[PDB]
Every structure is written in structure tokens, then in C-alpha cells.
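Enquirer: Protein chains in written order, with the authors' numbering: chain R, 125 to 160, 171 to 304, 355 to 394, 402 to 438; chain S, 188 to 304, 355 to 394, 402 to 438; chain T, 125 to 160, 171 to 304, 355 to 394, 402 to 438; chain U, 125 to 160, 171 to 304, 355 to 394, 402 to 438. Backbone N, C-alpha and C define an ideal beta-carbon position, used for all residues, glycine too.
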Amino acid sequence: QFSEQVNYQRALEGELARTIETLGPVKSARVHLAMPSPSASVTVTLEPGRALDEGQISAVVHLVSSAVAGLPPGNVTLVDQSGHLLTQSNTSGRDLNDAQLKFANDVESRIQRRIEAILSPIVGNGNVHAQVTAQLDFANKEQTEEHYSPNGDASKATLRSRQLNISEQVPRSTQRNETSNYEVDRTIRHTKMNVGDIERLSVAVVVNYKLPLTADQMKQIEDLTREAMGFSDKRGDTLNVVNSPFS
Amino acid sequence: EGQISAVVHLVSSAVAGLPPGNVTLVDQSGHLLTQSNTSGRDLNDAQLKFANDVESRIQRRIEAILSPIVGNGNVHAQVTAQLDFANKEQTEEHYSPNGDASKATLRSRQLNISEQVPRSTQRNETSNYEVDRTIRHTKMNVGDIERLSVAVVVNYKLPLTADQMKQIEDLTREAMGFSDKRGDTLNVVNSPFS
Amino acid sequence: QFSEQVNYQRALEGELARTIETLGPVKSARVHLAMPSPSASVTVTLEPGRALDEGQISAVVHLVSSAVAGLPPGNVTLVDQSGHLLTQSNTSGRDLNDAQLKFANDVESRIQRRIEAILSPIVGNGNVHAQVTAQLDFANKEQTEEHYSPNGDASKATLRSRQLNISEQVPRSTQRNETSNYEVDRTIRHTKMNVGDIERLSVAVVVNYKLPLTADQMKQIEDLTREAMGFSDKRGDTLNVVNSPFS
Amino acid sequence: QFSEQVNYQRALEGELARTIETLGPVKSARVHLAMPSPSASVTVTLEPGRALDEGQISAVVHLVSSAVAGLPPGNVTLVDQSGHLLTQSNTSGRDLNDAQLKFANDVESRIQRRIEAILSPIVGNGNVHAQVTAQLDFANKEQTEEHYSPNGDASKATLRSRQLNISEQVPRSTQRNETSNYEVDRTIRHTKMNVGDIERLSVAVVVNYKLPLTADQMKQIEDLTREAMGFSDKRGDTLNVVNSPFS
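1. Can you tell which of T:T143, T:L140, T:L197 and T:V178 has the C-alpha that lies nearest to the C-alpha of residue 351 of chain T?
2. For the stretch 373 to 380 of chain R against the stretch 355 to 363 of chain R, are there 3 or more C-beta pairs whose distance is under 8 Å?
3. Do residue 323 of chain R and S:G208 have their C-beta atoms closer together than 9 Å?
4. Strictly under 9 Å for the Cβ-Cβ distance: is T:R134 near chain U by that measure?
5. Does the Cβ of S:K394 have 16 or more other Cβ atoms within 10 Å, making it buried, or fewer, making it exposed?
6. Of the choices S:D232, S:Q303 and S:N392, whose alpha-carbon is the least far from that of T:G227?
7. Give a yes or no on whether 9 Å exceeds the smallest Cβ distance from S:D424 to chain R.
8. At which residue ranges does the stretch 185 to 222 of chain R contain complete beta strand (DSSP E) runs of 3 or more residues, listed in the order of the chain?
9. Which residues does DSSP pair with R:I372 in a beta bridge?
10. Using the C-alpha atoms, what's the distance from S:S438 back to R:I256?
11. I need the straight-line Cα distance from T:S283 to T:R370, nearest angstrom please.
12. Do you know offhand how far U:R373's Cα is from S:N431's?
13. On the premise that R:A268 lies in contact with R:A238, defined as a C-beta separation below 8 Å, what is that separation, rounded to the nearest angstrom?
14. Between R:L186 and T:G217, how many whole angstroms is the CB-CB distance? I'm expecting something under 8 Å.
15. Less than 9 Å between CB atoms is the rule here; does S:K275 satisfy it with respect to chain R?
16. Distance, Cα to Cα, S:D414 vs S:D381?
17. Please tell me whether R:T146 has its Cβ less than 9 Å away from any Cβ of chain S.
18. Closer than 9 Å, Cβ to Cβ, to anything on chain U: give me those residues from the stretch 367 to 394 of chain T, in chain order.
19. If you compare alpha carbons, which of T:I245, T:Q129, T:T292 and T:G286 is closest to U:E280?
20. I think U:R384 touches U:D428, with their Cβ atoms under 8 Å apart; what is that distance to the nearest whole Å?
21. Find the residues of chain S that neighbour T:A288, judging by a C-beta separation of less than 9 Å, and give them in chain order.
22. Taking only beta-carbon positions, decide if T:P206 is within less than 9 Å of chain R.
23. Considering only the alpha carbon of each residue, which of T:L253, T:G148 and T:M159 lies closest to T:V130?
24. Can you name the residues of chain S whose CB is closer than 8 Å to the CB of R:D187?
25. Can you tell me whether S:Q265 is helix, strand or coil according to DSSP?
26. For a contact meaning CB atoms closer than 7 Å, what does T:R154 contact in chain R?
27. Please report the distance separating the alpha-carbon of R:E139 from that of S:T211.
28. Excluding the five sequence neighbours on either side, which residues of its own chain have a C-beta within less than 6 Å of the C-beta of U:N365, listed in chain order?
29. Would DSSP call R:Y393 helix, strand or coil?
30. In the DSSP assignment, the alpha helix (DSSP H) including R:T143 goes from what residue to what residue?
31. Report the three-state DSSP secondary structure of T:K290 (helix, strand or coil).
32. Does T:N365 have its Cβ less than 9 Å from a Cβ in chain R?
33. Less than 9 Å between CB atoms is the rule here; does S:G421 satisfy it with respect to chain T?
34. For R:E362, tell me which candidate among S:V387, S:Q408, S:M420 and S:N361 has the shortest Cα-Cα distance.
35. In angstroms, rounded to a whole number, what distance separates the CA positions of U:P182 and U:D214?
36. Along the chain, where does the alpha helix (DSSP H) that runs through S:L415 open and close?
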């Protein structure tokens with residue numbers, strides 16, 4: 125039973141390793157598995183002078199994680215042929231806290247390309263530079279509202295039961361007992377907020393001279416950038432465009 | 188799609204140690220053609236590819252309805268979509284009011300009425366009701382458009405007439421899916437290109 | 125028992141790999157399966183200078199997911215011959231998130247072909263362009279009404295029981361006890377709404393000159416496009432047709 | 125016992141593949157089975183220059199689903215020799231949202247052929263074009279009414295029991361107790377609505393000139416198309432026919 129699994133695993137590691145070796149810029153691979171919690175460790179030797187991209191690491195990460203039962207993608211350790219632990223998923227002090235910096239760079243880069251793509255037709259191919267700083271909200275945030283409609287008015291209340299006793303002796357000894365049971369309107373919203381939204385944007389744009404651009408043209412440049420940000424005074428976004436001769 | 192990877196490998200290999208995933212190919216009118224993805228969670232940034240897809244479709248739509256009017260390359264549009272990626276369930280539960288006796292539905296009714304005539358009257362009245370009840374349960378869509386901001390530049394020919409700029413604004417407003425409920429914003433400017 | 129399953133699976137992987145190799149732009153395949171959740175990892179080697187499209191991957195994804203017992207199509211990882219992890223359901227996230235974009239594109243494309251097919255007889259084969267933006271409702275939505283008919287009128291109430299005691303002493357000490365049990369009319373509607381309906385349409389149509404078309408002819412063009420939309424003021428659909436000379 | 129079933133299934137797949145190969149425009153098949171839910175994945179290689187139609191897929195779909203115990207036709211994945219996932223029920227991602235577009239296209243196409251077949255005798259073989267937009271109701275919808283006939287009149291009530299005590303002392357101390365138990369008429373309708381009905385139709389028809404057609408002839412053309420739609424003011428159908436010279 126034990127010697128069965130060892131030979132089984134020893135042939136599967138060789139099988140899978142030979143298939144990943146035949147993958148272009150990989151001169152040799154060397155996958156080790158931990159089958160008994172599990173895990174795996176691949177040691178690819180890339181072809182001289184190439185490098186697997188970031189989403190090209192997930193190719194191999196999923197090629198081993200899925201060809202093995204129960205092996206998640208977070209335990210696979212990718213190593214170059216000269217150290218270089220390429221999957222920061224391994225080095226775990228935080229390992230997640232700085233995926234936020236790559237994510238924030240992606241958000242800022244898209245807003246930056248958008249501003250530089252809408253102003254390059256007006257002012258020139260290289261006469262504008264923009265830098266965007268995005269403050270992002272990475273807090274996990276759940277919310278449960280539970281609203282009830284008021285039934286204080288009798289012309290919009292909904293009765294389930296009503297016991298109304300009214301006595302009157304005439355020295356006028358009156359009496360009025362009144363039990364009322366209500367059915368109430370109830371809304372229940374449950375929101376699980378998005379991790380990674382934009383709290384605030386600050387954008388700085390410099391446009392070159394041609402001569403100072405006219406104040407009309409500077410006003411319309413500001414309006415286009417304001418529309419290419421997704422500018423919102425609710426978020427408290429800030430925009431500053433200056434006109435200055437380049438070097 | 189396969190003709191960008193031609194160039195992607197044509198630049199990644201002619202340079203020592205330069206992988207193909209850091210190379211950014213851009214046309215002469217925006218169009219980040221390289222589909223890129225990042226790591227760490229792999230969830231938080233599938234949203235950036237999704238938001239880019241939404242904005243790209245609205246952008247092609249505006250550039251396909253205005254390119255017949257102003258010219259093949261005399262218009263550029265950039266779209267920024269704020270999207271709602273919150274998971275959101277909702278359960279309403281409405282009841283119709285039965286305060287009027289001419290629209291209430293009784294299940295039971297016990298009405299005792301005594302009267303001694355020194356006029357000692359009495360009126361006990363138990364009432365049980367059947368109530369109308371609507372129960373809506375909505376599970377909202379993750380990935381809708383909260384708001385759109387669109388900027389369009391159109392080239393000169402000469403300044404286009406204010407009439408022609410007004411109709412360009414109306415067509416782009418219809419190609420956005422413009423809605424004042426969402427608080428969409430549109431700005432079209434006419435400016436000579438370079 | 126152990127060696128049975130390994131040899132069975134090792135031969136089953138070869139069988140399946142050879143069937144996918146015979147698929148056109150596939151010079152060689154290499155499917156690995158994991159079954160003791172299951173999963174599988176294919177590493178296809180496409181013919182030199184070709185690329186399987188995205189929906190042509192689902193062909194193979196279902197061709198492998200179904201030929202193996204209990205393996206859903208979301209666990210199969212397809213990789214090209216140069217990294218390129220083509221299956222992007224790797225996430226725990228948003229692959230269904232953009233099947234909605236393909237769906238919205240299909241809705242808009244049909245309305246667009248319909249407008250360009252009803253106006254091309256009038257204005258010309260290429261003298262009209264239409265773009266359609268469909269806002270679609272992808273919320274899952276159930277509803278349960280429960281209506282009751284009012285029985286406040288005695289001439290339309292339905293009694294099950296009725297105990298009517300009437301005493302009268304004549355100094356006129358009267359009394360009238362009255363218990364009433366009712367049978368009530370009850371409608372119960374249960375609706376499970378459609379995911380993918382059209383909330384709103386905005387259509388922009390440009391028609392070429394010939402010369403400005405007459406205002407009569409433009410009015411009737413507006414009516415035909417309005418009928419090819421499925422225009423409804425309840426949805427708040429918007430239509431704008433402009434006449435402008437092309438380039 | 126295990127190796128028995130594997131050899132059985134491995135030989136049965138060859139049996140089934142050879143019988144479907146003998147089916148005209150099919151040069152070779154390759155059925156794989158999975159049974160320990172089941173499912174199957176066939177990869178037919180059609181004869182050079184042919185293509186199995188849509189209802190010609192159900193031929194093979196049922197030829198494999200039934201020759202294997204417990205495999206419904208929705209789990210069989212048919213793939214050509216060049217991708218082409220021919221079965222659409224085996225798709226990844228909601229599997230459904232766009233079978234509604236094909237259905238709506240089928241409904242609209244039939245009404246369109248019907249209008250162009252009733253007007254082609256009058257105006258000419260190609261002097262009329264019609265486009266139909268059908269809004270369809272794809273909501274699942276159940277309903278349960280439960281009606282009762284009113285028994286407030288004593289000349290149409292049905293008594294089960296009746297206890298009527300009448301006392302009278304004569355100073356006239358009368359008394360009248362009356363318990364009544366009723367049998368009530370009861371209708372219970374349970375409707376499960378149709379998924380795919382037509383909520384509303386909008387039809388646009390253009391008819392060519394000959402010269403403007405007479406207003407008499409245009410009125411009768413409008414009436415025939417109104418009868419070829421299945422026009423209904425309850426649905427809020429809309430029809431617009433215009434007469435305009437073609438190009």
C-alpha cells in the first residue's frame with residue numbers, strides 16, 4: 125500500500141514534469157509533491183534568456199494544482215534556476231498586503247492611460263503627462279439594514295387581529361378596551377461591500393507649451416480630464432492641471 | 188488577437204531577460220491591446236478586466252456611430268465606468284392596509300352588542366383578518382454600471405457648427421445609454437488635432 | 125486494486141489525449157486527470183501558427199469534463215504551448231460576470247441588424263448606421279403575491295359557520361351575540377422573474393444624405416426604427432435619428 | 125470486478141463509435157463514457183464538406199444517451215473535428231441565457247415569413263420587407279385561485295346543520361338562538377403559466393412603389416398584416432406600414 129503510492133507518485137511527478145518541460149521557454153522542470171494537507175514544489179529551468187510572465191506563472195501553478203487532487207494553488211513554489219522565488223505567495227509574512235500595491239498601480243495606470251489618450255489628440259503625442267494617485271478601500275465590510283414601514287396612521291396600518299370592547303353606562357362610566365395586532369412591512373437589505381473600490385482620486389496633469404495655451408483651451412482640457420477621471424465631488428477627488436513648458 | 192502575440196514575442200526575445208508580460212502595446216488612439224492580469228488575490232483584479240471590457244464596448248459604440256459623420260479618425264472617445272461589485276440581497280415584504288372595512292377580509296368576527304334601557358350599552362367586537370402579502374426577494378447583480386463619464390473630442394474640418409455639435413452630443417448621449425438617474429456625465433469638445 | 129486504477133487512468137489519459145490531438149490546430153495534446171473532488175490539467179500543443187478561440191476551448195473543456203465522471207468544467211486548466219493559461223475561471227470571481235457582456239452584445243446586435251434591415255430598403259444599402267445600447271436586468275428576482283377578496287359586504291361573503299343569539303326583554357334589555365366564521369377567496373401568484381430582460385434601450389441612427404431628406408421622410412424613418420426597437424415609453428426607451436452627410 | 129467494467133466500457137465505446145460512424149457524413153467517431171451522474175463526450179469527424187444540422191445532432195445525441203444506462207441527453211457533449219461544440223446544452227456559464235434569443239428569433243422569423251408570404255401576392259415577390267420585434271415573457275409563473283360562492287342569501291345557501299331555539303315569554357321576553365353550519369361551493373384553479381409567450385409585438389413593414404399605392408390599397412395591406420401578426424390591443428401590439436420607393 126505504501127510502496128504502491130510512492131511508485132505512483134514518483135511516476136506522476138516525472139510524467140507531469142516532462143509535459144511542462146515541453147512548453148517553450150522551459151529547458152527542464154523538476155516538480156516535487158507532498159502527498160499524504172498537501173503541497174507541491176516545481177523548479178523550472180527556463181531556456182537561456184526568457185522569463186515566464188505573471189499570468190504565465192499561474193499557467194504552471196494551475197497545471198500542477200489541478201492535475202493533483204486537493205492541491206490548492208497557494209502551496210506551489212515556483213523557483214527560477216538562480217533562486218528567484220517568483221511566486222510571492224510562498225514568502226508569507228503578509229503575502230497579501232502588497233497585492234494591494236500592484237492593484238492600486240493597475241487602477242492608477244488605467245486612469246493615467248485614459249487621460250493621456252484623450253489629451254494626446256489635442257495637445258500632441260508627447261505634450262502631456264498625467265500622474266494619478268488612487269486611495270483605495272480594502273476594508274472588508276458587511277451591512278444589514280432592516281427597515282419597517284410606520285403604521286401609526288390607521289389608514290395605512292395592516293391589522294391581523296383587533297379586539298375592541300366598548301362599554302358605556304349612563355354619572356357616565358364609560359370604558360374602551362382595544363387590543364390590536366399588526367402585520368408590518370419589512371425590508372431587509374444585506375450588502376457585502378466590494379474590497380478594492382476607489383475612495384478618492386488626486387490627478388496631476390502637465391501640458392506643454394506651443402506659448403501659453405489659452406484659458407478657454409485650458410478650461411476645456413480640465414473638463415475632459417474631469418470626465419476621464421470619473422471625477423466626483425462626493426469622493427472628494429482633486430484635479431490640478433498646469434501649463435508649463437517642458438525641457 | 189494572435190497578431191499582437193507575434194510582436195509580443197518579437198520584443199520579449201530580442202532583449203535579454205525581458206519577459207513578454209511587462210510589454211505594453213498601444214495603438215495610436217489608446218487601445219491597450221495587451222490583456223494583462225495580476226496576482227495576489229486574482230479576484231480583486233478580474234474587476235479591472237471587466238471594467239475595461241464595459242468601457243471598451245461603450246467606446247467602440249460611440250466611435251462607430253460618429254465615424255460616419257465626422258470621419259474615420261476625426262473622433263476619439265474615452266469612457267470611465269464606475270461599477271457596483273457589492274453583493275446585495277434584498278427582501279421586501281409588503282402588506283396591503285385593511286383599515287377600511289370595505290376592503291378588509293375577515294376570517295372570524297365575534298360581535299356582541301348589549302343594550303339596557355340609564356342607558357347601559359356595551360359592544361364587544363373581536364375581529365380576525367386575512368391580509369394581502371407580497372414578498373419580493375431580489376439578489377442584485379454584481380457588476381452593474383453605477384455611473385458613466387464620457388469624454389469625446391472631435392476634430393476640425402474649421403469649427404463644426406453649433407447645430408452639428410448639438411446633434412453629435414445627442415448621438416453620443418444615445419450611444420452611452422445616458423441616464424440622469426445614474427448621474428452620468430458627458431463632455432464633447434471640438435478641437436483641431438495634431 | 126491500486127495498480128488497477130493507476131493503469132486504467134494512465135491508459136484513459138492516453139486515449140483522451142489522442143482524441144483531442146485529432147482536432148485540427150493541435151499538433152499534440154497531453155491531458156492529465158486527477159480523480160480519487172476531482173480535476174484535470176491539459177497542456178495542448180497547437181499546430182505552428184494557430185490559436186483556439188475562447189469558445190472553441192469550451193468545446194474541448196466539455197469534451198474532457200463529460201468524458202470523466204464527476205469532473206465539472208470549472209476545474210480543467212487549459213494551457214497553450216507558451217504559457218498562456220487560457221482558462222480564466224482560475225478566479226473565485228467573475229467569469230460569469232462577462233457572459234453577461236456577450237449576452238448584452240447579442241441583444242444589441244439583433245436590434246441593430248433589424249434596424250439596418252428595415253431602413254436599407256428605403257435609404258440605401260450603406261446610407262444608414264445604427265448603434266444600440268441595452269441596459270439589461272440580471273438580478274435574480276422572486277415574488278409571491280397572496281391576494282384576498284374582501285368580504286366586508288354581507289351580499290358577497292361566504293359563511294362557514296354562524297351563531298346568532300338574539301335576546302330581547304321588554355326597560356328594553358336587548359342583546360345580540362353574533363359569531364361568524366368565513367371562507368375567503370385567495371389567489372397566490374408565485375413569479376420567478378427572468379434573468380436577462382431589457383430594462384431600457386437607447387438607439388442612435390444616422391442616415392446619409394442623398402441632400403437633406405424631407406422632414407416627412409425623416410418622420411416615417413423615425414416610426415419604422417421605433418417599431419424595430421420595440422420602443423416603449425414604460426421602459427423609458429430613447430431614440431435619436433439624425434440626418435447627416437457621410438464621408 | 126473493476127477491471128471487468130473497464131474492459132466492458134472500453135469495448136462498448138468502440139461498439140457505439142463504429143455504429144455512429146456508419147451514418148453517412150461521418151468519417152469517424154470517438155465516444156467516451158463516464159459511469160461510477172454519468173455523461174459522455176463524442177468527437178465525430180464528419181465527411182469532407184458536410185455539417186450535421188441541428189436536428190441531426192439530436193439523432194446522435196439520443197443514439198448515445200440511450201445506449202448507455204442513466205445518461206440523459208443534456209450531459210452528452212458533441213464536438214466536431216475543428217472545435218465546434220455542436221450541443222448547446224453542454225455550455226459553461228449559465229448554459230441558458232441565450233437560448234431565449236434563439237427562441238425569440240424563431241418567433242419573430244415565423245411572423246416575418248407569414249407577413250412576407252401574405253403580401254408577396256399583392257405587391258410583388260420582393261416589393262415588401264417586414265421586421266418583427268417580439269417581447270417575450272420568460273418568467274416562471276404559478277397561480278392558485280380559490281373561489282367561494284357567496285351564501286349570504288338563504289335561498290341559495292346549503293346547510294349542513296341548523297339549531298334554531300326560539301323562546302317567548304309574554355313584558356315580552358323573547359329569545360332566538362340560531363347556530364348554522366354551511367357547506368360552501370369551492371373552485372380551485374391551479375395554473376402553471378407558459379414560459380415563452382408573447383407580451384407584445386411591434387411590426388414594421390415597408391412596401392415598394394409601383402408610384403404611391405392608393406390609400407385604399409394601403410388600408411387593406413394594413414389589415415392583412417394586422418391579421419398576419421395576430422394583432423391584439425390587449426397585448427398593446429403596434430404596427431407601422433410605410434410606402435416608400437426602394438433603391
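Expert: So, from the data block:
1. Along chain T, the last residue before the gap is 304 and the first after it is 355, so residue 351 of chain T carries no coordinates.
2. no
3. The model of chain R omits the segment between 304 and 355, and residue 323 of chain R is among the residues lacking coordinates.
4. no
5. exposed
6. When only C-alpha atoms are compared, the closest one is S:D232.
7. So, not an interface residue.
8. 210 to 212
9. S:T278
10. 7 Å
11. 7 Å
12. Rounded to whole angstroms, U:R373 and S:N431 show a C-alpha spacing of 57 Å.
13. 6 Å
14. 6 Å
15. yes
16. Pairing S:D414 with S:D381, the inter-Cα distance amounts to about 23 Å.
17. Nearest CB-CB separation between R:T146 and chain S: not below the 9 Å threshold.
18. Against chain U - using a Cβ distance shorter than 9 Å - the residues of the stretch 367 to 394 of chain T are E367, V368, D369, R370, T371, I372, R373, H374, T375, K376, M377, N378, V379, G380, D381 and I382.
19. T:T292
20. 6 Å
21. Listed along the chain, the chain S residues whose CB falls inside 9 Å of the CB of T:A288 amount to none; the nearest CB is some 11 Å away.
22. So, not an interface residue.
23. When the alpha-carbon of T:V130 is set against those of T:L253, T:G148 and T:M159, the nearest one is in T:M159.
24. Within 8 Å Cβ-Cβ: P206, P207, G208 and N209.
25. strand
26. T143
27. 36 Å
28. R294 and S295
29. coil
30. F126 to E145
31. DSSP places T:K290 in coil when its eight states are reduced to three.
32. Chain R contact via Cβ: absent.
33. Contacts with chain T at 9 Å (Cβ-Cβ) include S:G421.
34. S:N361
35. 12 Å
36. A406 to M420
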